[PDB]
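Presented below is the structure to which this report refers.
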């Protein structure tokens, strides 16, 4: 999930955008 | 600003800024 991908490891725009509505 | 470790309020803030008037969902447990 988002914590594993963006907190515990380095985030990306590609990944953040997947959580936009 | 998104190409780093983003935790807690910092992650929510990034989602807010990136997603704009779309909004977003923040699901940390899953």
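Protein chains in written order, with the deposited numbering: chain A, 1 to 21; chain B, 1 to 30.
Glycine included, C-beta positions come from ideal geometry on N, C-alpha and C.
Distance between residue 1 of chain A and residue 27 of chain B (C-alpha atoms, nearest Å): One C-alpha to the other measures close to 8 angstroms.
Within this structure, are the beta carbons of residue 24 of chain B and residue 16 of chain B separated by less than 9 angstroms? The Cβ atoms of residue 24 of chain B and residue 16 of chain B lie closer than 9 angstroms to each other.
Can you name, in chain order, every residue of its own chain whose Cβ lies under 8 angstroms from the Cβ of residue 12 of chain B, other than the five neighbours on each side? Spatial neighbours of residue 12 of chain B in its own chain (CB-CB distance under 8 angstroms, excluding positions within 5 residues in sequence) are listed in chain order as 26.
Return the chain-ordered list of same chain residues with a C-beta closer than 8 angstroms to the C-beta of residue 1 of chain B, the five sequence neighbours on each side being excluded. For residue 1 of chain B, where only same-chain residues beyond five positions count, the Cβ hits under 8 angstroms are 14, 17.
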